[PDB]
C-alpha cells in the first residue's frame, strides 16, 4: 500500500490506499465521522448550488455534521454490518491538482489506517456505490472493465493518468509512489 497527503484547498489529510496507481481517479475524500480534522475542515456555509443530497438537510455544514454524528449513534450492530455529509470544503488531489470535495461517512472507520480514504468510484465498489447515491464523479483510470456497470477492480492499463498512461497496474503503483516520494507527499507502506 501507500500513504499520501491531500492538501486542504483553503492542513494535510493523510490517506491510506492499497491502490495508489488509481490516484488520477480519486474524485472525493472521505474521513471517518470521528476523524480529528473534521471540525477544522467544516465550512461556515454551503457553497452556492450545493446538491441537497450532500447536506443531510442541515442549514450549515456544522449543523449537518452534528446531526450525522447524533443520527449514526442510533444505528445498531445490525445497520453497521451509503450515507454521509459534505464538509463544505475541498482538498487538492496531488496527482492532477484538482479540487475534490471532502465528506464524512460511516463506511470509513476511525481506528483503521489513517481514518481517511481517497475515493475512486471507478475502481472500488464501495466508492462506486457512494458516488452513485450522491452524484459524485466516476472516472476510469484502469482500462479493462466497464465503469458504467460496476467498479473495475482488476489489473489493466492506465488511462486518463498523464505520466502513468499505458502502464500496467504493478508498474503504475511503482511509478506513482516514486512521484509521491520525490514530491515529499507520500510513502510506500506494508
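Numbering follows the first chain given and starts at 1.
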Chain break class for residue 10 to residue 11, judged by how many deposited residues have no coordinates: 4 to 9
Between residue 81 and residue 82, count the deposited residues left without coordinates and pick a bin: none, 1 to 3, 4 to 9, 10 or more. 4 to 9
Taking the mean of the C-alpha B-factors per stretch from the entry, tell me the winner out of 111 to 119 and 71 to 79. 71 to 79
Avg C-alpha B-factor, entry values, 39 to 47 vs 138 to 146, higher side is 39 to 47
Of the choices 124, 162, 34, 155, which one's C-alpha carries the largest B-factor in the record? 34
Identify, among 182, 168, 22, 17, the residue whose C-alpha carries the highest B-factor in the deposited PDB entry. 182
According to the PDB entry, is the CA B factor of residue 190 in the bottom, middle or top third of its chain, that is, lowest, middle or highest? highest
By the recorded C-alpha temperature factor, relative to the other modelled residues in its chain, which third is residue 151 in? middle
How does residue 101 rank on Cα B-factor within its chain, lowest, middle or highest third? lowest
Of the three thirds of the chain ranked by Cα temperature factor, residue 53 occupies the highest
